[PDB]
Amino acid sequence: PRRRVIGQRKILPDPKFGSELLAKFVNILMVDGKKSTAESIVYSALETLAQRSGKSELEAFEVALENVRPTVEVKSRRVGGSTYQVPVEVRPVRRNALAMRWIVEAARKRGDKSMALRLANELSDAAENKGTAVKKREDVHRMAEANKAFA
Amino acid sequence: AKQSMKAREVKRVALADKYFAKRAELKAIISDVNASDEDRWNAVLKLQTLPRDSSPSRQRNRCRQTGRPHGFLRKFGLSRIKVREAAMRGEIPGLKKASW
Amino acid sequence: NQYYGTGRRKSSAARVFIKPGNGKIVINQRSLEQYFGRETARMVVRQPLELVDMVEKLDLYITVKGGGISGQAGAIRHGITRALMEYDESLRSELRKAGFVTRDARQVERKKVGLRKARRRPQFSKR
Amino acid sequence: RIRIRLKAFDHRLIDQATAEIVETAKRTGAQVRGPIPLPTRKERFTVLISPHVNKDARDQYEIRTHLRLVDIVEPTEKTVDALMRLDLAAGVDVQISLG
Amino acid sequence: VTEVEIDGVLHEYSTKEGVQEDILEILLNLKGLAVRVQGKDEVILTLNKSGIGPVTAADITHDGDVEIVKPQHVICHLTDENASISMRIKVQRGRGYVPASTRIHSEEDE
Amino acid sequence: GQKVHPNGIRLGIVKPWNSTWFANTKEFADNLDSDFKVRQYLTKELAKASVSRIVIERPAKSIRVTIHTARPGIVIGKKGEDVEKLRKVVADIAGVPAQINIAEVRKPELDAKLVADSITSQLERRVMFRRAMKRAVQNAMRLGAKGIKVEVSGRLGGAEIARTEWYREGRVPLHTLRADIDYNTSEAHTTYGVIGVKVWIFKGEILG
Amino acid sequence: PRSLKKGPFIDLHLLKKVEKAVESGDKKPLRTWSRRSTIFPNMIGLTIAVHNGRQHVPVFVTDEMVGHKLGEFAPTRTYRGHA
RNA sequence: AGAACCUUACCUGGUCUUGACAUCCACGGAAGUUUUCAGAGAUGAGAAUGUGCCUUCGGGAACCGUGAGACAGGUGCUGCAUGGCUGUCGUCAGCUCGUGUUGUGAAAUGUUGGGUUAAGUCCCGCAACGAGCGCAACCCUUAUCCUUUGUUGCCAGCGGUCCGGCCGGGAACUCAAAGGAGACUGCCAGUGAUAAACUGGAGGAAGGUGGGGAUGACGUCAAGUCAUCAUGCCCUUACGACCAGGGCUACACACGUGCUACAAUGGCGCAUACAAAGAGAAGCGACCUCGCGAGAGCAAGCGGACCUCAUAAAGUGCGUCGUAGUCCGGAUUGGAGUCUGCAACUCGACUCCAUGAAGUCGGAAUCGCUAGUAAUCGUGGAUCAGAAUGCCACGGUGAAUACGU
């Protein structure tokens with residue numbers, strides 16, 4: 001907004017692992033304020049993922065996230081007659097969010113049956129460095145690279 | 001509303017007042033499962049015979065000042081518009097603008 | 001001897017009593033696991049205790065009314081915090097830091113004439 | 001026991017009435033129960049304020065009916081009768097009920 | 001006693017149907033009255049009576065917190081059986097002597 | 001229709017109600033109707049008498065009317081002759097025992113309703129509306145109003161195009177709830193049409 | 001439809017008319033406004049000109065028409081086509 | 001804020017004409033009460049009772065009847081003759097005035113300028129000095145505490161128990177109202193022009209207008225409303241009044257606002273938890289019995305912190321279905337019925353059994369929302385015999401995002 005920047009609201013860490021990031025992810029996943037179901041789904045995804053990759057539940061998730069975080073995104077300035085997409089260094093708070101969102105989107109897209117399962121699959125893909133979220137990230141990066149002349 | 005409409009309403013009310021005991025009785029008779037078929041039939045026919053304005057489902061609640069059929073309130077017997085005016089004037093006891 | 005604190009959050013109203021003991025929680029003559037099926041709720045009720053190491057030290061009898069589940073839990077937590085404050089009076093700072101002493105004054109915003117809800121305006125069109 | 005149900009729109013008036021009733025009770029008899037406040041009825045009303053059309057234009061009124069429950073535990077000869085001559089202020093519907 | 005309100009009266013120097021004492025005599029006999037209220041500081045009594053015979057002070061329809069301590073104080077002498085009298089007295093509470101002339105403009109409550 | 005009614009917004013605080021009784025949902029509408037009737041009757045009767053406020057108050061199946069008027073003498077007539085007459089008719093209207101009290105209005109120039117009525121009367125008898133308005137304002141000021149506003153509207157001087165004109169003097173705070181703002185209205189049924197007169201009179205602020 | 005316990009509905013006057021017709025053995029059309037009247041077995045054979053709002057339209061009653069009402073065979077609106 | 005009749009203002013017929021609604025006389029009859037045939041009904045013709053308040057008796061006030069007119073009546077026209085009420089820019093921070101001064105004057109100044117604020121908010125300057133209406137405050141509500149009063153509300157500690165606050169009781173706690181306290185940049189540090197303020201922190205339930213509501217300046221749009229009401233030409237054996245039936249529910253089509261969907265963050269089945277706020281006497285209607293069910297019968301408790309509406313639903317656990325036009329979706333239609341109501345054909349709602357369209361996230365474009373908000377879940381109320389997916393209220397769960405202009 002114009003007038004005043006405001007402090008981001010307080011977020012509680014999830015009961016299972018005691019993590020803020022996890023909680024955020026769960027929130028993102030959630031729909032129609034049905035938090036509980038969403039959190040259950042998330043947990044399920046984690047468990048399966050853990051089983052698959054070993055490690056811990058949280059650590060694996062973190063790793064997965066890491067492979068889909070964008071260093072740089074673009075924005076539309078459009079000062080000229082035609083529009084110029086300009087790259088911008090995307091901040092720590094935002095980058096984490098974006099990756100999560102992308103992952104969620106991928107999960108939603110995916111052709112597997114249960115939501116949780118789909119999510120798990122997505123996570124696995126991220127970890128391995130294939131899939132939808134990763135592709136999206138690449139695209140984002142690619143665009144930035146293309147428009148690197150603007151800065 | 002018109003005068004005529006008001007008059008009609010009044011007439012209806014009067015009719016209702018008149019024929020209540022009989023009509024009610026008839027209704028009861030019609031309902032009563034432990035009763036003769038012929039009797040029931042008679043009752044049904046009897047009801048038909050009675051005037052239509054005798055029914056309470058005929059009379060419309062109008063404003064007691066203006067006779068406006070719509071926007072009515074039961075507690076006050078007034079249409080919204082008149083009710084508001086009353087409120088403003090202090091004429092409805094206890095009624096004031098509410099905020100919460 | 002039993003210490004006390006009132007809990008309140010949304011339309012919930014918890015009545016938390018603290019006693020010295022082993023650490024068994026009863027909410028309306030039911031266990032914590034029985035009453036709150038949700039893990040989050042459980043966490044929130046245990047939060048203050050976790051913050052100030054007195055989970056094993058004290059039993060607490062609770063009765064809560066009104067609101068839903070999360071709200072109720074919050075209320076309970078608040079009550080617990082209050083009780084703690086009453087009882088020790090030297091743990092206040094920690095509680096403050098946590099953000100549990102604060103009564104969460106967020107009530108549901110009333111529906112407003114014109115609007116379908118508190119803020120949702122109906123669908124607009126120029127034409 | 002005599003239960004007394006005071007009902008009024010003005011709260012101050014109701015309060016005044018209640019006090020008066022208590023006074024009446026307490027001189028004659030003994031052990032007046034007390035002036036217990038019951039829940040207030042906030043009967044709300046919405047109305048369209050335009051003569052013709054403007055639906056979002058509205059006034060929301062209400063009538064706050066207050067309740068006061070006064071009880072008298074021992075009805076003596078002198079006490080119960082004292083209320084007969086002792087009428088209360090206007091705009092306060094009282095409702096005494098013995099037993 | 002401070003204000004006396006008789007029905008069907010114009011001024012205090014008139015006369016009334018069915019009574020002995022005139023209205024100035026009634027106001028003097030009401031000025032001698034002895035009342036003892038407990039809770040309030042301003043009450044309104046009521047006196048209503050018909051029938052042949054004297055009107056004592058014991059005929060006032062008392063409330064609960066007013067006590068009329070002179071049940072033989074005479075006020076009127078109703079002679080006609082078709083006569084009635086319905087006065088509404090107002091009893092304040094103060095001290096000293098405050099008269100009608102000074103209380104002619106002092107009274108704020110219109 | 002911008003403004004809130006100045007009496008109506010203040011009924012809980014500084015202004016009181018006119019009809020002052022309790023009734024259950026059963027008898028309330030009827031009571032209201034009765035009030036409307038009696039008030040209407042009173043207005044009809046005591047038009048020539050300068051009457052500001054009829055206050056109805058019914059305890060114990062008996063109606064107590066209180067007429068606030070500038071000149072009691074014309075409402076009372078001969079001592080208890082006119083009032084008595086009024087009473088029985090009131091009772092009839094109600095269907096209960098009636099009791100009429102008559103409050104004497106000190107300073108009728110500061111009572112808003114009365115002023116409005118006067119203005120209307122003036123308009124009816126073909127004076128310059130503006131001069132009347134001025135008189136209304138001035139008089140109130142003289143009497144000790146903290147402020148006054150008056151407004152008149154429509155067919156002023158029988159003109160084809162209707163307009164509103166208004167005179168304020170002193171201060172007349174309407175947004176301030178604690179301000180004693182005596183508001184009232186009237187209507188001049190002239191040869192060219194109706195002319196509505198509003199008048200706000202600010203007595204002062206109440207502190208509580 | 002109407003409750004079974006209440007029976008079928010027919011206007012009293014209409015019924016009377018029908019009865020009269022039966023008694024006579026005549027076949028002149030009975031003009032009627034009771035569109036809400038149910039058809040009866042005894043009404044079979046009779047022509048009964050039912051009102052459609054505007055005019056009375058003749059309805060020769062048949063064995064198949066019994067359960068139905070008179071207004072079903074007297075259409076009120078008169079739509080030919082849009083072009 | 002509710003068209004089957006009524007409503008209703010419209011159409012078709014059938015009828016009335018000082019009239020459905022008032023006032024006035026004249027004079028016939030007490031009003032009214034009961035019942036009969038014809039008629040779609042409006043209406044047009046019959047049989048029974050009564051004579052009350054008062055009379056130098058030419059009679060009266062309530063309430064029917066008839067004729068004369070004076071009049072009634074009109075939801076008929078003009079919102080571009082009006083009042084009142086309403087929308088609107090906009091809860092935008094503005095709009096003015098008096099006196100002074102400047103200018104021949106229209107006008108200007110104040111009200112601009114330096115800062116600052118949500119704010120013509122506040123300070124400082126300054127040919128301005130002051131004032132008013134508005135930007136704020138006073139009001140309701142919500143967030144913490146205290147005092148008072150404890151039933152129909154409550155159960156911490158006591159005894160008893162049918163393990164139900166139910167009964168002795170207790171007045172603690174919740175809660176209920178009534179009255180007080182509390183938040184003012186008041187306190188601390190820095191920045192700032194020796195300022196108004198701003199940035200942070202301390203305490204505190206709450207922090208910088210704490211959240212929400214009410215509150216709408218001068219005015220604008222010959223904005224809306226003569227069909228709420230009132231109000232300054234036209235109809236008056238009809239543009240008035242009564243009636244029955246029909247219509248306002250029509251249907252090649254176009255648009256607006258909603259609901260339900262297209263599914264697995266789901267559907268179905270069984271178990272099971274946690275609300276708030278309301279309504280109720282021509283009313284809400286427990287329990288019990290019957291009905292697959294809508295409901296029916298019987299029938300307490302209750303003008304109601306007591307009784308009833310009244311099981312909250314989403315949720316949680318266990319099972320099942322396994323990506324299908326499906327155990328998704330419910331339109332449509334057939335049958336049979338329940339209730340309301342003189343009356344459900346046109347045209348009510350709800351139930352049961354069957355039937356099982358389109359629809360697999362929607363082109364151009366386009367709307368809402370910054371927090372207990374959106375999203376989603378149920379609950380209640382008004383109007384109301386019956387008839388809501390609308391409107392107005394209530395709580396449940398409960399996000400994302402705000403770099404910046």
# chains A, B, ... in the order shown; residues from 1 in each chain; ligands from 1
call {"tool": "interface_residues", "arguments": {"of": "chain G", "to": "chain B", "cutoff": "9 Å", "atoms": "only C-alpha atoms", "output": "list in words"}}
result
residues 6, 7 and 12 of chain G
call {"tool": "write_last_selection", "arguments": {"atoms": "N, CA and C atoms", "output": "mmCIF file, in the first residue's frame"}}
result
data_model
loop_
_atom_site.group_PDB
_atom_site.id
_atom_site.type_symbol
_atom_site.label_atom_id
_atom_site.label_comp_id
_atom_site.auth_asym_id
_atom_site.auth_seq_id
_atom_site.Cartn_x
_atom_site.Cartn_y
_atom_site.Cartn_z
ATOM 1 N N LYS G 6 -59.824 -35.958 1.396
ATOM 2 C CA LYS G 6 -60.755 -34.869 1.050
ATOM 3 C C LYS G 6 -61.741 -35.220 -0.069
ATOM 4 N N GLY G 7 -61.388 -36.197 -0.907
ATOM 5 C CA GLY G 7 -62.215 -36.595 -2.046
ATOM 6 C C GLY G 7 -61.892 -35.750 -3.267
ATOM 7 N N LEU G 12 -70.452 -27.080 -6.659
ATOM 8 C CA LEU G 12 -71.758 -27.617 -6.268
ATOM 9 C C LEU G 12 -72.770 -27.360 -7.383
#
call {"tool": "residues_around", "arguments": {"residues": "segment 59-74 of chain E", "least_positions_apart": "3", "cutoff": "10 Å", "atoms": "only C-alpha atoms (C1' of nucleotides)", "output": "mmCIF file with C-alpha atoms, in the first residue's frame"}}
result
data_model
loop_
_atom_site.group_PDB
_atom_site.id
_atom_site.type_symbol
_atom_site.label_atom_id
_atom_site.label_comp_id
_atom_site.auth_asym_id
_atom_site.auth_seq_id
_atom_site.Cartn_x
_atom_site.Cartn_y
_atom_site.Cartn_z
ATOM 1 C CA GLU D 20 -38.152 1.479 45.696
ATOM 2 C CA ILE D 21 -39.637 -2.012 45.786
ATOM 3 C CA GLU D 23 -37.326 -0.310 50.347
ATOM 4 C CA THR D 24 -41.025 -1.131 50.529
ATOM 5 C CA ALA D 25 -40.221 -4.759 51.297
ATOM 6 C CA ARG D 27 -39.179 -1.871 56.313
ATOM 7 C CA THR D 28 -42.277 -4.069 56.718
ATOM 8 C CA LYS D 78 -47.900 -6.037 56.594
ATOM 9 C CA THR D 79 -45.487 -6.473 53.674
ATOM 10 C CA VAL D 80 -47.499 -7.978 50.820
ATOM 11 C CA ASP D 81 -50.385 -5.568 51.321
ATOM 12 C CA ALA D 82 -47.963 -2.530 51.358
ATOM 13 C CA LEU D 83 -47.479 -2.894 47.509
ATOM 14 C CA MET D 84 -51.280 -2.412 46.855
ATOM 15 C CA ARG D 85 -51.131 1.365 47.718
ATOM 16 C CA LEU D 86 -47.427 1.510 46.611
ATOM 17 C CA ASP D 87 -47.736 1.859 42.775
ATOM 18 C CA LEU D 88 -44.381 2.291 40.920
ATOM 19 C CA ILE E 26 -59.804 22.424 53.606
ATOM 20 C CA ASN E 29 -56.927 21.483 57.714
ATOM 21 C CA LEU E 30 -54.549 19.926 55.193
ATOM 22 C CA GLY E 32 -52.121 20.829 59.735
ATOM 23 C CA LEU E 33 -51.508 17.268 58.488
ATOM 24 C CA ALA E 34 -48.731 15.093 59.923
ATOM 25 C CA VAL E 35 -47.140 12.659 57.473
ATOM 26 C CA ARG E 36 -44.117 10.344 57.928
ATOM 27 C CA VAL E 37 -42.502 9.020 54.719
ATOM 28 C CA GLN E 38 -39.526 6.673 54.853
ATOM 29 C CA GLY E 39 -37.857 6.125 51.484
ATOM 30 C CA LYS E 40 -38.681 8.895 49.042
ATOM 31 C CA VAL E 43 -44.685 11.458 47.294
ATOM 32 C CA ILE E 44 -48.228 11.886 45.991
ATOM 33 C CA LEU E 45 -51.150 10.572 48.028
ATOM 34 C CA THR E 46 -54.788 10.126 47.020
ATOM 35 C CA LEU E 47 -58.031 10.789 48.886
ATOM 36 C CA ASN E 48 -61.276 9.538 47.355
ATOM 37 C CA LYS E 49 -64.523 9.286 49.303
ATOM 38 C CA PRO E 54 -66.920 13.344 57.809
ATOM 39 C CA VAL E 55 -63.738 12.712 55.854
ATOM 40 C CA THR E 56 -61.026 11.625 58.256
ATOM 41 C CA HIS E 77 -67.767 17.015 56.166
ATOM 42 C CA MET E 87 -57.895 15.387 45.855
ATOM 43 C CA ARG E 88 -54.271 14.530 45.092
ATOM 44 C CA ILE E 89 -51.840 15.830 47.697
ATOM 45 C CA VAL E 91 -45.781 15.909 50.191
#
call {"tool": "residues_around", "arguments": {"residues": "segment 46-59 of chain H", "least_positions_apart": "3", "cutoff": "10 Å", "atoms": "only C-alpha atoms (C1' of nucleotides)", "output": "PDB file with C-alpha atoms (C1' of nucleotides), in the first residue's frame"}}
result
ATOM      1  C1'   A H  30     -84.335   0.498  18.042  1.00  0.00           C
ATOM      2  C1'   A H  31     -79.576  -1.407  16.728  1.00  0.00           C
ATOM      3  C1'   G H  32     -78.314  -6.274  16.228  1.00  0.00           C
ATOM      4  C1'   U H  33     -79.397 -11.360  16.648  1.00  0.00           C
ATOM      5  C1'   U H  34     -80.575 -15.807  14.251  1.00  0.00           C
ATOM      6  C1'   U H  35     -82.215 -18.671   9.586  1.00  0.00           C
ATOM      7  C1'   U H  36     -84.686 -19.712   3.851  1.00  0.00           C
ATOM      8  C1'   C H  37     -84.531 -20.110  -2.255  1.00  0.00           C
TER       9        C H  37
END
call {"tool": "interface_residues", "arguments": {"of": "chain B", "to": "chain F", "cutoff": "12 Å", "atoms": "only C-alpha atoms", "output": "mmCIF file with C-alpha atoms, in the first residue's frame"}}
result
data_model
loop_
_atom_site.group_PDB
_atom_site.id
_atom_site.type_symbol
_atom_site.label_atom_id
_atom_site.label_comp_id
_atom_site.auth_asym_id
_atom_site.auth_seq_id
_atom_site.Cartn_x
_atom_site.Cartn_y
_atom_site.Cartn_z
ATOM 1 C CA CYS B 63 -50.284 0.260 7.985
ATOM 2 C CA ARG B 64 -52.681 1.625 10.608
ATOM 3 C CA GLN B 65 -51.976 5.244 9.515
ATOM 4 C CA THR B 66 -51.541 5.017 5.706
ATOM 5 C CA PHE B 72 -45.338 -3.724 7.306
ATOM 6 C CA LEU B 73 -44.198 -4.452 10.870
ATOM 7 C CA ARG B 74 -46.362 -6.368 13.354
ATOM 8 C CA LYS B 75 -45.099 -4.990 16.669
ATOM 9 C CA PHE B 76 -45.935 -1.402 15.598
ATOM 10 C CA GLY B 77 -48.833 -1.978 13.187
ATOM 11 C CA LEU B 78 -47.145 0.527 10.887
ATOM 12 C CA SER B 79 -45.368 0.540 7.549
ATOM 13 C CA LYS B 82 -44.206 5.678 9.231
ATOM 14 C CA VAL B 83 -42.412 3.586 11.854
ATOM 15 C CA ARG B 84 -39.174 5.427 11.138
ATOM 16 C CA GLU B 85 -40.942 8.769 11.461
ATOM 17 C CA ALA B 86 -42.434 7.705 14.783
ATOM 18 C CA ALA B 87 -39.012 6.631 16.030
ATOM 19 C CA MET B 88 -37.503 9.957 15.010
ATOM 20 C CA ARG B 89 -40.256 11.882 16.781
ATOM 21 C CA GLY B 90 -39.908 9.904 20.048
ATOM 22 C CA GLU B 91 -43.407 8.434 19.580
ATOM 23 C CA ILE B 92 -42.389 4.750 19.779
ATOM 24 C CA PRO B 93 -41.256 4.072 23.361
ATOM 25 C CA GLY B 94 -37.837 2.456 23.887
ATOM 26 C CA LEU B 95 -36.970 2.533 20.176
ATOM 27 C CA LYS B 96 -33.680 4.158 19.261
ATOM 28 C CA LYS B 97 -31.042 3.701 16.587
ATOM 29 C CA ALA B 98 -29.013 0.543 17.217
ATOM 30 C CA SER B 99 -25.282 0.022 16.652
#
call {"tool": "atom_distance", "arguments": {"atom1": "atom CA of residue 97 of chain D", "atom2": "atom CA of residue 37 of chain D"}}
result
17.1 Å
call {"tool": "interface_residues", "arguments": {"of": "chain A", "to": "chain H", "cutoff": "7 Å", "atoms": "only C-alpha atoms (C1' of nucleotides)", "output": "list in words"}}
result
residues 1, 2, 27, 28, 31, 32, 33, 34, 37, 38, 113 and 114 of chain A
call {"tool": "write_last_selection", "arguments": {"atoms": "N, CA, C and O atoms", "output": "compact mmCIF listing (two decimals), in the first residue's frame"}}
result
# COMPACT_ATOMS: atom_id res chain seq x y z
N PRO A 1 0.81 -1.21 0.00
CA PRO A 1 0.00 0.00 0.00
C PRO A 1 0.85 1.27 0.00
O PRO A 1 2.08 1.19 0.06
N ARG A 2 0.18 2.43 -0.07
CA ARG A 2 0.87 3.71 -0.21
C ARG A 2 1.49 4.17 1.10
O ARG A 2 2.68 4.47 1.17
N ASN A 27 -0.64 -24.10 5.44
CA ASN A 27 -1.57 -22.99 5.24
C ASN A 27 -1.83 -22.76 3.76
O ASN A 27 -2.98 -22.62 3.32
N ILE A 28 -0.73 -22.74 3.02
CA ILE A 28 -0.75 -22.55 1.56
C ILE A 28 -1.60 -23.63 0.90
O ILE A 28 -2.44 -23.33 0.04
N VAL A 31 -7.53 -25.09 1.88
CA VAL A 31 -8.59 -24.50 1.09
C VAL A 31 -9.88 -24.45 1.92
O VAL A 31 -10.16 -25.37 2.69
N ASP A 32 -10.63 -23.35 1.78
CA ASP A 32 -11.91 -23.14 2.49
C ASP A 32 -11.77 -23.11 4.02
O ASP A 32 -12.71 -23.43 4.74
N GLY A 33 -10.59 -22.71 4.50
CA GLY A 33 -10.29 -22.72 5.94
C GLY A 33 -10.33 -24.08 6.62
O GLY A 33 -10.46 -24.15 7.84
N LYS A 34 -10.23 -25.15 5.83
CA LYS A 34 -10.12 -26.51 6.36
C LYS A 34 -8.65 -26.76 6.54
O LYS A 34 -7.97 -27.25 5.64
N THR A 37 -7.49 -30.91 7.78
CA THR A 37 -7.41 -31.87 6.68
C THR A 37 -6.12 -31.66 5.89
O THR A 37 -5.39 -32.61 5.57
N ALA A 38 -5.87 -30.38 5.59
CA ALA A 38 -4.69 -29.97 4.82
C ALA A 38 -3.42 -30.40 5.57
O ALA A 38 -2.50 -30.95 4.95
N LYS A 113 -3.87 -40.10 -7.70
CA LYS A 113 -5.22 -40.15 -7.12
C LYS A 113 -5.40 -39.29 -5.86
O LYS A 113 -6.10 -38.27 -5.91
N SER A 114 -4.78 -39.68 -4.75
CA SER A 114 -4.89 -38.92 -3.49
C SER A 114 -4.04 -37.65 -3.55
O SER A 114 -3.01 -37.63 -4.22
call {"tool": "select_by_dssp", "arguments": {"residues": "chain A", "states": "alpha helix (DSSP H)", "output": "VMD selection string"}}
result
chain A and resid 20 to 29 35 to 53 57 to 66 92 to 109 115 to 128 132 to 146
call {"tool": "write_last_selection", "arguments": {"atoms": "C-alpha atoms", "output": "tab-separated table (two decimals), in the first residue's frame"}}
result
chain	number	residue	atom	x	y	z
A	20	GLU	CA	7.25	-22.36	10.99
A	21	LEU	CA	8.01	-23.18	7.36
A	22	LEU	CA	6.01	-26.39	7.57
A	23	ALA	CA	3.07	-24.50	9.06
A	24	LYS	CA	3.26	-21.95	6.26
A	25	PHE	CA	3.28	-24.73	3.67
A	26	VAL	CA	0.24	-26.33	5.29
A	27	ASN	CA	-1.57	-22.99	5.24
A	28	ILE	CA	-0.75	-22.55	1.56
A	29	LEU	CA	-2.06	-26.03	0.82
A	35	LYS	CA	-6.72	-26.41	7.97
A	36	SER	CA	-6.79	-29.75	9.76
A	37	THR	CA	-7.41	-31.87	6.68
A	38	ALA	CA	-4.69	-29.97	4.82
A	39	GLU	CA	-2.25	-30.50	7.67
A	40	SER	CA	-3.06	-34.22	7.72
A	41	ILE	CA	-2.41	-34.37	3.99
A	42	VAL	CA	0.91	-32.58	4.45
A	43	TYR	CA	1.90	-35.03	7.18
A	44	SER	CA	1.03	-37.96	4.92
A	45	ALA	CA	3.12	-36.47	2.13
A	46	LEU	CA	6.05	-36.03	4.50
A	47	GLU	CA	5.83	-39.59	5.81
A	48	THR	CA	5.79	-41.18	2.36
A	49	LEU	CA	8.57	-38.85	1.24
A	50	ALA	CA	10.61	-39.76	4.32
A	51	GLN	CA	10.14	-43.45	3.56
A	52	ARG	CA	11.25	-42.90	-0.03
A	53	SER	CA	14.35	-40.73	0.42
A	57	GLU	CA	10.62	-35.84	7.31
A	58	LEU	CA	11.56	-32.18	7.65
A	59	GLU	CA	15.05	-32.34	6.18
A	60	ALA	CA	13.85	-34.06	3.02
A	61	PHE	CA	11.12	-31.46	2.59
A	62	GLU	CA	13.67	-28.67	3.01
A	63	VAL	CA	15.91	-30.27	0.40
A	64	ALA	CA	12.98	-30.54	-2.00
A	65	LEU	CA	12.15	-26.87	-1.45
A	66	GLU	CA	15.75	-25.91	-2.13
A	92	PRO	CA	14.44	-14.57	1.43
A	93	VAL	CA	10.90	-14.37	2.78
A	94	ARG	CA	9.34	-14.34	-0.68
A	95	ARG	CA	11.47	-16.98	-2.39
A	96	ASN	CA	10.53	-19.64	0.14
A	97	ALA	CA	6.85	-18.80	-0.28
A	98	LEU	CA	7.04	-18.92	-4.06
A	99	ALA	CA	8.61	-22.37	-4.17
A	100	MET	CA	5.96	-23.73	-1.83
A	101	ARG	CA	3.19	-22.22	-3.93
A	102	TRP	CA	4.65	-23.72	-7.10
A	103	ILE	CA	4.89	-27.12	-5.45
A	104	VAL	CA	1.26	-26.90	-4.37
A	105	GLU	CA	0.23	-25.95	-7.91
A	106	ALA	CA	2.15	-28.93	-9.28
A	107	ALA	CA	0.45	-31.23	-6.79
A	108	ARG	CA	-2.95	-29.87	-7.79
A	109	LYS	CA	-2.13	-30.45	-11.46
A	115	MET	CA	-3.79	-35.32	-2.84
A	116	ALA	CA	-1.21	-36.32	-0.24
A	117	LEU	CA	0.31	-38.92	-2.55
A	118	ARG	CA	0.53	-36.36	-5.35
A	119	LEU	CA	2.25	-33.91	-3.01
A	120	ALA	CA	4.74	-36.58	-1.96
A	121	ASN	CA	5.48	-37.36	-5.60
A	122	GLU	CA	6.04	-33.68	-6.33
A	123	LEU	CA	8.42	-33.42	-3.38
A	124	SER	CA	10.34	-36.45	-4.61
A	125	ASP	CA	10.61	-34.93	-8.08
A	126	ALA	CA	11.90	-31.68	-6.58
A	127	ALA	CA	14.50	-33.61	-4.59
A	128	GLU	CA	15.63	-35.44	-7.75
A	132	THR	CA	6.63	-29.40	-12.65
A	133	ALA	CA	7.72	-26.98	-9.93
A	134	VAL	CA	11.35	-27.36	-10.99
A	135	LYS	CA	10.39	-26.71	-14.61
A	136	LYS	CA	8.51	-23.58	-13.58
A	137	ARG	CA	11.53	-22.38	-11.61
A	138	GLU	CA	13.77	-22.98	-14.61
A	139	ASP	CA	11.40	-21.02	-16.83
A	140	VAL	CA	11.41	-18.14	-14.35
A	141	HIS	CA	15.20	-18.16	-14.29
A	142	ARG	CA	15.37	-18.46	-18.07
A	143	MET	CA	13.19	-15.39	-18.55
A	144	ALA	CA	15.38	-13.41	-16.16
A	145	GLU	CA	18.49	-14.51	-18.04
A	146	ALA	CA	16.92	-13.43	-21.32
call {"tool": "residues_around", "arguments": {"residues": "residue 146 of chain H", "least_positions_apart": "5", "cutoff": "12 Å", "atoms": "only C-alpha atoms (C1' of nucleotides)", "output": "PyMOL selection string"}}
result
chain H and resi 179-182
call {"tool": "interface_residues", "arguments": {"of": "chain B", "to": "chain H", "cutoff": "7 Å", "atoms": "only C-alpha atoms (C1' of nucleotides)", "output": "MDAnalysis selection string"}}
result
chainID B and resid 1 3:4 7:8 47:48 52 57:60 66 68 71 81 98:100
call {"tool": "atom_distance", "arguments": {"atom1": "atom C1' of residue 233 of chain H", "atom2": "atom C1' of residue 10 of chain H"}}
result
24.9 Å
call {"tool": "atom_distance", "arguments": {"atom1": "atom CA of residue 57 of chain C", "atom2": "atom CA of residue 42 of chain C"}}
result
18.1 Å
call {"tool": "residues_around", "arguments": {"residues": "residue 25 of chain C", "least_positions_apart": "4", "cutoff": "10 Å", "atoms": "only C-alpha atoms (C1' of nucleotides)", "output": "JSON, numbers by chain"}}
result
{"C": [18, 29, 30, 31, 32, 33, 45, 46, 55, 58, 59, 60, 61, 62]}
call {"tool": "select_by_dssp", "arguments": {"residues": "chain C", "states": "strand (DSSP E or B)", "output": "list in words"}}
result
residues 3, 4, 5, 6, 7, 8, 9, 12, 13, 14, 15, 16, 17, 18, 19, 20, 25, 26, 27, 31, 58, 59, 60, 61, 62, 63, 64 and 65 of chain C
call {"tool": "interface_residues", "arguments": {"of": "chain D", "to": "chain F", "cutoff": "10 Å", "atoms": "only C-alpha atoms", "output": "MDAnalysis selection string"}}
result
chainID D and resid 7:10 49:50 65 87:93
